[PDB]
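Same chain, two versions here, written out as structure tokens and called structure 1 and structure 2.
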Structure 1
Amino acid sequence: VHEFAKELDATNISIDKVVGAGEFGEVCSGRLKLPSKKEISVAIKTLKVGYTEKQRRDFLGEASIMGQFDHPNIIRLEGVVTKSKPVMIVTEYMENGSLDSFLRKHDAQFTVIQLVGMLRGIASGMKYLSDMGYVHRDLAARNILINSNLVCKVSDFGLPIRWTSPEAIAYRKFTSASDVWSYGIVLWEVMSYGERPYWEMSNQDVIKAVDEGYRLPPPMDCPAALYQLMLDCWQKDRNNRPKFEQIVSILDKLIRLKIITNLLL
């Protein structure tokens, strides 16, 4: 674990608030004093008291992965605390929380360029992720964090039917191309301002409908360019999906759209 993750001294860490709950324990916000004396805002995942050896290894497993990534659109690991308790994973702090709950609070309040900026960031982080040989398997708006300047960063490296490609659901064929499928769903989620993919359809129907060629409809006022991008990410043949590098290239052009567009077949 300490191969990629710096051990932090707990004395350099202040806890200021409880910002939510994770699988393994409370999530908190606070501050970290760095070796250079600079103080930064951090988010802190804590491991519940009374954890088992397996929980600890799985908890900290996320940090070993996260520690190998250094990119503006991947959540930055500051370090871990294992020598004292509670055990913690400490990252940079993201003021505006999860992308999906953030967007739900601001329905139709952003410009298309702003949304594209967010989408470009996610795509760039994923381009780096796939460059490093990692498959996320859980790419979802709720796993993207967004900061006070609206910069989006991929998180949650712990590993979800609605976000999973058809072939990954069918026989666990996870590749960067199934991540690209997931990105398509995230793209829908963003243009929908945090709407749940496939709403509350039963899982079997989401599975069958998608397998039959049915796709999420264009969100309200979605530019055709962004909708077609979703459809590309959702090609049945995974070899026909664009690579993250092309997705990044596509979004950089759109950032530099007037045409505006139950599942569709």
Structure 2
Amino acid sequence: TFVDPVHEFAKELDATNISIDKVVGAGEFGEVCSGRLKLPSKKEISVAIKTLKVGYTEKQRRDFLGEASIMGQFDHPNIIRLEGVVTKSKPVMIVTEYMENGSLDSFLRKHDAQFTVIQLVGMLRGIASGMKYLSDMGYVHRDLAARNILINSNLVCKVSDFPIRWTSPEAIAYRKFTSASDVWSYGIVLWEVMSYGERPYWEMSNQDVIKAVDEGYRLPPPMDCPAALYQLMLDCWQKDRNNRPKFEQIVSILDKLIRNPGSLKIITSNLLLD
């Protein structure tokens, strides 16, 4: 079980063991970079590093470190791993798993139509597995989107980031956030992946995204989308949250498609009334 909130769930790292190789850019609370971490066993690994800005407010420190207090509760191959934090020296740091290929949406946009269906399904199965664990822990992510999935050198996808287009109708209507609203979001991610990082609902007015979805309109099948995967999207997007599949069922569905790849050969900016 997830416990809503740092030292309980995050290792305090010795800054001697951290080196910075490359500055990426500016994050919400400070800088973002990458480098290397020397583990207690002397093994050396690549890591992502983010710092808290100089002259931070106490609120900024709390919100920044709050990420670590959440992330550190999870230990799963499809959830970004927290290596630890540095708090006893400044700048304050959060050190996480290095993901060579960055955010999934931007990665797929650079590789439009260049992966096999089975490769895409493998990415999707990893995301679903991470979400099955989060939901098993009682954690509702609320921001599941391809931009919040990171992808490593071997194309393994992992949930990160601990949004009307990704949010279920009931969560928009009255803030009813549950694991079933994360399943809705997963359906949007499925569409994003099969579309190679197209933006869900493109740049439709937010009021129209809300109204169209409420009226029963859904994102259309991506080009060359397997029927099984478009149906899975529609199932994730059931109006009745109780009729959406559970994450365990989504993992099982994708596992069957991986085991029977011939099933994927059956092929299915305007919205379709569902």
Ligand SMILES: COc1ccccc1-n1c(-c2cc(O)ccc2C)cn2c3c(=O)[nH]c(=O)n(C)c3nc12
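For the two forms, the rigid core is made up of the largest set of C-alpha atoms that agree within 1.5 Å on superposition. Counting starts at 1 and follows the sequence of structure 1.
In this pair, the copy labelled structure 1 belongs to the form solved in complex with this ligand. With the core fitted, the CA of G20 sits 3.2 Å away from its counterpart between structure 1 and structure 2. Relative to the superposed core, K45 has its Cα moved 1.7 Å between structure 1 and structure 2. Once the two forms are overlaid on the core, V206 shows a Cα shift of 0.4 Å between structure 1 and structure 2.
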